[PDB]
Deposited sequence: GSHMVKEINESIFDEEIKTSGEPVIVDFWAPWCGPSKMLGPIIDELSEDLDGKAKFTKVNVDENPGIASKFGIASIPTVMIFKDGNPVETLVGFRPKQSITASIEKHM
């Protein structure tokens, strides 16, 4: 947890994937997020948060859904395909 907070302060946008084992969409995003991290190695860095394991992290940022992608700059709720996420990063940087 501490390591994540240190990374949040550093940088190079940082993307948080909020997911739960039970939620089907969240499972879909992790493979998409893994593919995004492999594709992007410089523009941004990705971290995965299990909402089940880190309830404190979730409440603090006001996560509204089990599968949510967060980068303060912008917040995407619900499953999204790679192309949409990538484009949102591109402009937002």
Point to revise | Sequence ranges without modelled C-alpha atoms (deposited numbering) | key: 1 to 9, 21, 82 to 86
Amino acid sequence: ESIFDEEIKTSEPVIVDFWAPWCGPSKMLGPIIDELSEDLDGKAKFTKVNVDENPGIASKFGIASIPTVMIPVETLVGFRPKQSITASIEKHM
From here on, numbers count along this sequence of modelled residues.
Exercise for review: Going by the average Cα B-factor in the PDB entry, point out whether 23 to 31 or 51 to 59 comes out higher.
Suggested key: 51 to 59
Study note, to complete from the structure: Chain-relative C-alpha B factor for residue 73 (record values, thirds): the highest
